[PDB]
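The structure appears below as structure tokens.
Each reported figure results from applying straightforward, stated rules to the coordinates on display, with no laboratory input. Note that we place each Cβ from the backbone using ideal geometry, even for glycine, and neighbour counts take in every protein chain shown.
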Amino acid sequence: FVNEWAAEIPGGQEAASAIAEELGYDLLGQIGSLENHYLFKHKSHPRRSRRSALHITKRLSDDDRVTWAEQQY
């Protein structure tokens, strides 16, 4: 119970990395093989039992317009 938002985005690259910086998360989702995927991870309390991921519910979906965006705890 932490948070791992995985999403595939074709061109929102500059935005993907921008979200993490805009809200406050570490974006790591581009493997290069798919060159579009981008995932954020930030909570400051990864105790596998701490609900959070609130600030990531703004520029995430807003930027998610690219294609699709979903979280994963």
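Would you confirm whether or not the range 3-15 contains a residue that is touching a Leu at 6+ places or on another chain (Cβ under 6 Å), touching a residue at least 12 places away in the same chain (Cβ under 8 Å) and farther than 20 Å from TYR73 by Cα? Within the range 3-15, not a single residue is touching a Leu at 6+ places or on another chain (Cβ under 6 Å), touching a residue at least 12 places away in the same chain (Cβ under 8 Å) and farther than 20 Å from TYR73 by Cα. Taking the criterion of being charged (D, E, K, R), closer than 15 Å to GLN13 by Cβ and surrounded by 12 or more Cβ atoms within 10 Å (Cβ to Cβ), the residues of the range 46-73 that qualify are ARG59, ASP63, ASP64. Here is the figure for the range 4-16: residues that are part of a loop (DSSP other than H, G, I, E, B) and within 9 Å of the chain's Cα centre (by Cα) total 1.
Residue check: is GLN72 polar (S, T, N, Q), touching an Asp or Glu at 6+ places or on another chain (Cβ under 7 Å) and assigned to a loop (DSSP other than H, G, I, E, B)? The answer is yes for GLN72.
Every condition in (1) of a type in the set (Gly, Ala, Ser); (2) crowded, with 18+ Cβ neighbours inside 10 Å; (3) more than 17 Å from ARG65 (Cα to Cα) is met by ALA7 except one, and the failing one is (3). Please determine, by comparing only the residues of the range 18-27 that are free of Cβ contacts under 8 Å to residues at least 24 places away in the same chain and crowded, with 17+ Cβ neighbours inside 10 Å, which one is nearest to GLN72 (Cα to Cα). Residue satisfying both the conditions and the ranking: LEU27.
Being of a type in the set (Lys, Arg) and touching a residue at least 40 places away in the same chain (Cβ under 8 Å) is a property that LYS43 has. Candidates in the range 17-69 are the residues that are aromatic (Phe, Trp, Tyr) and not in a loop (DSSP other than H, G, I, E, B); of these, the one that is farthest from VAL2 (Cα to Cα) is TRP68.
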